[PDB]
Asker: 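For reference, the structure I am asking about is given below.
Residues: numbered from 1 along the sequence shown. Scope of the values below: all heavy atoms of this structure, side chains included, with no hydrogens, waters or symmetry mates.
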Amino acid sequence: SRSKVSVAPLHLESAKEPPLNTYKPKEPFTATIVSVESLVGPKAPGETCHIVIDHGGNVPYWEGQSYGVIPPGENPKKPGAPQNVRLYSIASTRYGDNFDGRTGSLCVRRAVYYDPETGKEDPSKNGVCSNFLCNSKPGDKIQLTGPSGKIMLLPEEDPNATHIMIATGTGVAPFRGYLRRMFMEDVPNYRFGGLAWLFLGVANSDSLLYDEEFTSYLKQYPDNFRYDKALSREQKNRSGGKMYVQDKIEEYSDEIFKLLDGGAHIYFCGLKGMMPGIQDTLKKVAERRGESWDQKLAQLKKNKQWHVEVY
Ligand SMILES: Cc1cc2nc3c(=O)[nH]c(=O)nc-3n(C[C@H](O)[C@H](O)[C@H](O)COP(=O)(O)OP(=O)(O)OC[C@H]3O[C@@H](n4cnc5c(N)ncnc54)[C@H](O)[C@@H]3O)c2cc1C
């Protein structure tokens with residue numbers, strides 16, 4: 001038959017620039033929720049849900065962009081005004097999880113408030129949008145704006161490029177969309193033959209997102225995909241205790257450096273807190289090799305190989 005899944009409609013490949021701000025906060029598009037499911041097991045430190053939204057083909061986007069969601073209610077402190085937009089990286093390709101160009105998906109972590117001292121939850125302090133999203137049911141309506149963002153657009157000019165993707169938590173979102181486009185979908189004008197390497201840091205095994213899907217690519221494209229995970233509460237003492245994404249990158253430092261020197265693109269997405277550890281690690285690796293990380297970084301920025309979207 002063939003292994004790549006047919007997608008439609010192919011005219012979504014014809015746009016020359018990505019859509020931007022098609023819908024704005026004062027006049028959002030009203031979309032409809034198709035499904036909401038929890039992505040994590042019982043031991044995860046909090047729920048992360050996968051939400052499929054039907055935009056009916058009216059809010060097209062490119063991989064790596066974000067949708068804005070305006071939760072219902074009035075702005076806590078903007079009397080008579082609407083809630084502010086919250087941005088969520090789109091976790092699906094432009095054809096979406098049903099391969100028909102009508103839906104987009106979000107990967108949303110519930111922001112729950114607990115009294116540090118008493119460990120007591122206080123729902124009045126919970127994050128509004130994230131809980132509204134993971135509480136949704138099929139048929140509920142959502143106000144969408146966007147799409148927004150250009151930083152995380154996938155450079156496709158070289159179908160054989162190297163892409164090293166580093167995520168923590170929900171930062172995996174854009175990468176699920178890149179990888180389906182590279183490996184799962186039958187897109188005639190984009191036939192990937194390079195190397196895609198995904199590093200994913202989470203709390204533990206039960207907190208892994210889309211692991212089954214990424215694991216499958218290992219078995220189908222052993223020569224074009226690599227996947228490494230770091231569980232911060234279930235793995236390895238390196239040069240200090242427990243496992244973070246930086247530790248894994250350290251483990252493969254020579255390869256990574258080699259790839260970066262050859263033109264690889266490198267991407268970071270997820271919680272902003274992941275950045276300092278990573279940068280300390282890269283500096284230390286460079287130093288061991290007798291290189292200046294500062295200079296290398298300036299070069300990667302100049303050549304446009306460095307892509308970061310953290311929040
Ligand atoms: C480009 C971009 C991409 C993003 N992509 C994703 C993504 O893919 N997935 C995702 O899950 N998130 C993503 N985010 C984050 C997302 O936009 C929201 O910031 C996040 O979901 C929390 O919004 P919320 O409305 O739930 O919380 P808000 O209601 O905005 O509250 C923010 C925080 O304040 C805490 N808080 C609220 N009130 C109080 C109080 N009174 N006292 C103490 N603490 C309080 C809340 O519990 C919460 O943690 C992204 C952000 C950006 C900028």
Side-chain angles (χ1 to χ4, degrees), residues 25 28 31 33 35-53 66-91 104-138 140-146 148-149 167-174 176 200-211 230-234 241-246 268-278 308-311:
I33 302 283
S35 64
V36 174
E37 61 192 337
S38 175
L39 288 170
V40 296
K43 300 169 130 208
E47 165 178 41
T48 295
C49 71
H50 183 78
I51 308 162
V52 176
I53 302 159
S66 290
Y67 272 152
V69 176
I70 293 172
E74 72 152 39
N75 189 162
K77 195 59 217 251
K78 191 80 180 228
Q83 298 271 22
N84 290 323
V85 185
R86 271 72 157 165
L87 295 174
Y88 290 92
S89 297
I90 292 157
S105 295
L106 301 180
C107 175
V108 176
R109 181 195 69 97
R110 271 199 197 266
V112 177
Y113 174 94
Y114 297 108
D115 178 282
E117 193 58 31
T118 58
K120 136 191 194 186
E121 184 188 353
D122 179 348
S124 65
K125 306 213 173 136
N126 284 4
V128 175
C129 203
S130 60
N131 283 289
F132 159 69
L133 287 172
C134 291
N135 285 344
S136 291
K137 299 284 200 197
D140 278 353
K141 299 315 195 193
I142 295 303
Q143 311 286 288
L144 279 185
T145 59
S148 350
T168 47
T170 57
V172 71
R176 177 175 185 269
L200 176 58
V202 293
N204 56 30
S205 181
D206 269 17
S207 302
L208 280 179
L209 302 174
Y210 315 112
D211 186 50
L231 317 166
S232 79
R233 289 178 206 175
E234 117 172 36
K242 336 185 291 182
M243 229 138 45
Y244 289 119
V245 82
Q246 59 269 27
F268 296 91
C269 187
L271 290 177
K272 63 183 7 139
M274 66 189 296
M275 300 300 290
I278 285 171
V308 179
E309 189 121 81
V310 294
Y311 39 84

Asker: So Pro82 and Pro25, do their side chains get closer than 4.5 Å, heavy atoms only?
Answerer: no
Asker: What pair of heavy atoms forms the shortest contact from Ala111 to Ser130, and how long is it?
Answerer: N-OG, 3.1 Å
Asker: Please, which pairs that meet side-chain hydrogen bond (donor to acceptor under 3.5 Å, both in side chains) have at least one residue in residues 71-90, sequence neighbours excluded?
Answerer: none
Asker: Is the shortest side-chain heavy-atom distance between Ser105 and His50 below 4.5 Å?
Answerer: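 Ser105 vs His50: side chains touch.
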Asker: Any heavy-atom pair between the side chains of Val202 and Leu231 that's under 4.5 Å?
Answerer: yes
Asker: Give, for atom CD of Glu234 and atom CG of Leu208, the distance between the pair rounded to the nearest 0.5 Å.
Answerer: 8.0 Å
Asker: So, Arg176 side chain and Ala91 main chain: donor-acceptor pair closer than 3.5 Å or not?
Answerer: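 Looks like yes, one N/O pair under 3.5 Å.
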Asker: For a quick test of reading the model, state the closest non-hydrogen atom pair linking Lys272 to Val310 and the distance between them.
Answerer: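 The pair with the smallest heavy-atom distance is CA-CB, 3.6 Å.
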Asker: Using the test side chain to side chain contact (heavy atoms under 4.5 Å, CB included), find all partners of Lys125 that sit at least two apart in sequence or belong to another chain.
Answerer: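 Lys125 satisfies side chain to side chain contact (heavy atoms under 4.5 Å, CB included) with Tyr113, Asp122 once adjacent residues are dropped.
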Asker: Could you measure the distance from the CG atom of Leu39 to the CD1 atom of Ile51? Nearest 0.5 Å is fine.
Answerer: 9.0 Å
Asker: Which pair of heavy atoms, one from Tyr114 and one from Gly119, lies closest together, and at what distance?
Answerer: CD2-O, 4.0 Å
Asker: Atom CD1 of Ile142 and atom CG of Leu133: how far apart are they, to the nearest 0.5 Å?
Answerer: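 It comes to 5.5 Å.
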Asker: On a heavy-atom basis, which atom in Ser148 and which in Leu87 lie closest, and how many Å separate them?
Answerer: OG-CD2, 3.7 Å
Asker: Tell me if the SG of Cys107 lies under 2.5 Å from the SG of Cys49.
Answerer: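 Between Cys107 and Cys49 there is no disulfide, given that their SG atoms are not under 2.5 Å apart.
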Asker: Between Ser136, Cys129, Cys134, which is the residue that forms a side-chain contact (heavy atoms from CB on, under 4.5 Å) with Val108?
Answerer: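 For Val108, the side-chain contact (heavy atoms from CB on, under 4.5 Å) test succeeds with only one of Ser136, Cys129, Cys134, which is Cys134.
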Asker: Find the distance between CG (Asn131) and CZ (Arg110) and round it off to the nearest 0.5 Å.
Answerer: 5.0 Å
Asker: Do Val69 and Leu144 touch side chain to side chain, with heavy atoms closer than 4.5 Å?
Answerer: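 Yes, at least one pair of side-chain atoms sits under 4.5 Å.
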Asker: In Å, rounded to the nearest 0.5 Å, how long is the span from CG of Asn126 to CZ of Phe132?
Answerer: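 Going from CG on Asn126 over to CZ on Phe132, the span is 15.0 Å.
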Asker: Which heavy atom of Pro28 sits nearest a heavy atom of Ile70, and at what distance?
Answerer: CG-CD1, 4.1 Å
Asker: Starting at CZ of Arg109, measure out to OG of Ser207 and round the result to the nearest 0.5 Å.
Answerer: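 Between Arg109 CZ and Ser207 OG, I get 11.5 Å after rounding to 0.5 Å.
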Asker: List in chain and number order the residues that pass side chain to side chain contact (heavy atoms under 4.5 Å, CB included) with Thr118, two or more places apart in sequence or in another chain; answer none if no residue qualifies.
Answerer: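 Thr118: side chain to side chain contact (heavy atoms under 4.5 Å, CB included) contacts with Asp115, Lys120.
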